[PDB]
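Chains as they are written, first to last, in the UniProt record's numbering: chain A, 2721 to 2793; chain B, 2090 to 2108, 2120 to 2176, 2179 to 2307.
Note that beta-carbon positions come from the ideal geometry of N, C-alpha and C, so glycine has one too.
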Amino acid sequence: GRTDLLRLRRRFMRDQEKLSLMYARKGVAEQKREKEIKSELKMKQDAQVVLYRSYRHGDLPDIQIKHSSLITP
Amino acid sequence: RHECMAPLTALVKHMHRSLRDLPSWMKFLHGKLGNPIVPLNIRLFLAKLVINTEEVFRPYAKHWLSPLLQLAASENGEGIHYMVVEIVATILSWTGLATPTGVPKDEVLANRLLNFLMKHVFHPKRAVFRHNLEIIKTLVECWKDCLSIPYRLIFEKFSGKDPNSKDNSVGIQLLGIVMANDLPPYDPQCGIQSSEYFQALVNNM
DNA sequence: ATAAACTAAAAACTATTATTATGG
DNA sequence: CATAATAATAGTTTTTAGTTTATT
């Protein structure tokens, strides 16, 4: 219980801000509409492609790859 | 809110920059608070301070265990509930640093504070009431050391008016707080009858 | 001058549904 | 100006007051 004081202060609502809370919920909802629109438009695109091999850099191709690395692709 | 405390806060910051009961005057203030005679002006000054200074005396809060509790008990400024909840939040912000299970003084202080809060726990509001309930749950499940259940004030809280309109549900949620603990559902000790104690339950049922 | 039905039975029991007291 | 909400509304059967049509 470390956030317990933080839980207290975040729940210090007794300045009677019910209308303020609902308005904050409203603004959050509008931003959620915007962000959701953006996310939907983004995800219709092809998702990021997954790889299947480790890789190393040198002056030569490293033949030390394993059978798994070869056949998973 | 407190405003003259700002230099005190600067003092705390400076000392913690420079910083067992190694005295940087917390012996002086330790005595200044341990007495339940310290004036409410100075009492609340020290209270707000130690709220803001809980971090510095972690492997010290056990010695601070008794003051805060006796500070917590029978609190009599911005509001009694305000400082009560703030200080108990500070106390439970540590759990292994100190426990009110040593001298029976802290144990009885904790029990008396429990009675105070369960007397006080209610809101016309929704969450902050449930926030208090969760406060009770957190304290009982972080100590579980000397904590004992009255069941009597509890009984009248949940037995209620035989509600044609929901009111005693506060006592029901208190029972649920107990239920979250592995504590006995109701000690069949004397109580009042130990049999109808559940007849009132099934009545409100 | 209407004794049958003249004409449509004013009304709750016992069952559901949109309200918002609020949840956030 | 959003959302597990919630509940005051309504709608079915009874049984009164309207009325024809002979009835003398």
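For a quick check, are the C-beta atoms of residue 2177 of chain B and residue 2200 of chain B less than 9 Å apart?
Residue numbering in chain B breaks between 2176 and 2179, and residue 2177 of chain B falls inside that break, so it has no position here.
Members of the region 2212–2232 of chain B that neighbour chain A once the beta carbon cut-off is set at 8 Å:
2227, 2229 and 2230
Against chain B, with Cβ distances strictly below 9 Å, would residue 2724 of chain A count as a contact?
Taking the first sequence and counting its residues from 1, the one referred to as residue 2724 of chain A is at position 4. Closer than 9 Å to some Cβ of chain B, the Cβ of residue 2724 of chain A qualifies, so yes.
Taking only beta-carbon atoms, is residue 2733 of chain A less than 9 Å away from chain B?
Here residue 2733 of chain A refers to the residue found at position 13 of the first sequence. So yes, residue 2733 of chain A belongs to the interface.
Hey, is residue 2727 of chain A's beta-carbon within less than 9 Å of any beta-carbon in chain B?
Reading the first sequence from its first residue, position 7 is the one you call residue 2727 of chain A. Yes, its Cβ sits closer than 9 Å to a Cβ of chain B.
Do three or more CB pairs link the region 2187–2205 of chain B to the region 2228–2242 of chain B at distances below 8 Å?
yes
Indicate whether at least one CB of chain B lies closer than 9 Å to the CB of residue 2721 of chain A.
Translated into positions along the first sequence, residue 2721 of chain A becomes position 1. Closer than 9 Å to some Cβ of chain B, the Cβ of residue 2721 of chain A qualifies, so yes.
Which of the residues in the region 2188–2215 of chain B, read from start to end, lie with their CB under 8 Å from any CB of chain A?
2188, 2191, 2192, 2194, 2195 and 2197
For residue 2169 of chain B, which residues of its own chain have a beta-carbon under 6 Å away from its beta-carbon, when the five flanking residues on both sides are left out?
Position 69 of the second sequence, counting from 1, holds the residue named residue 2169 of chain B. Correct list, in chain order: 2208 and 2211.
Beta-carbon neighbours of residue 2292 of chain B, restricted to chain A and to distances below 9 Å:
In the second sequence, the residue the question calls residue 2292 of chain B occupies position 190. Simply none; closest approach about 33 Å.
Does chain A have any CB closer than 9 Å to the CB of residue 2175 of chain B?
Counting from one through the second sequence, the residue named residue 2175 of chain B turns up at place 75. Not one chain A Cβ lies under 9 Å of residue 2175 of chain B.
The alpha helix (DSSP H) enclosing residue 2150 of chain B, as first and last residue numbers
Residue 2150 of chain B sits at position 50 when you count from the first residue of the second sequence. That run of the alpha helix (DSSP H) goes 2140–2152.
For chain A, is any of its Cβ atoms less than 9 Å away from the one on residue 2240 of chain B?
Residue mapping note: residue 2240 of chain B aligns to position 138 of the second sequence, counting from 1. Taking Cβ atoms only, chain A reaches closer than 9 Å to residue 2240 of chain B, which makes this a yes.
Taking Cβ-Cβ distances shorter than 8 Å, what residues in chain A pair up with residue 2244 of chain B?
Taking the first residue of the second sequence as 1, we reach residue 2244 of chain B at position 142. What residue 2244 of chain B touches in chain A: 2721.
Taking its Cβ as the centre, do 16 or more other Cβ atoms sit within 10 Å of residue 2234 of chain B, making it buried, or is it exposed?
The residue you call residue 2234 of chain B lines up with position 132 of the second sequence. By the neighbour-count rule (16 or more Cβ atoms within 10 Å), residue 2234 of chain B is buried.
Helix, strand or coil: how does DSSP classify residue 2791 of chain A here?
Taking the first sequence and counting its residues from 1, one reaches residue 2791 of chain A at position 71. Reduced to three states, the DSSP call for residue 2791 of chain A is helix.
Label residue 2282 of chain B either buried or exposed according to how many other C-beta atoms from any shown protein chain fall within 10 Å of its C-beta, with 16 as the threshold for buried.
The sequence position of residue 2282 of chain B within the second sequence is 180, counting from 1. Label assigned to residue 2282 of chain B: exposed.
For a cutoff of 9 Å on Cβ pairs, would you count residue 2155 of chain B as touching chain A?
Looking up residue 2155 of chain B in the second sequence gives position 55. False, the Cβ-Cβ gap to chain A never drops below 9 Å.
Could you tell me whether the region 2745–2758 of chain A touches the region 2265–2272 of chain B, using the rule of 3 or more Cβ pairs below 8 Å?
no
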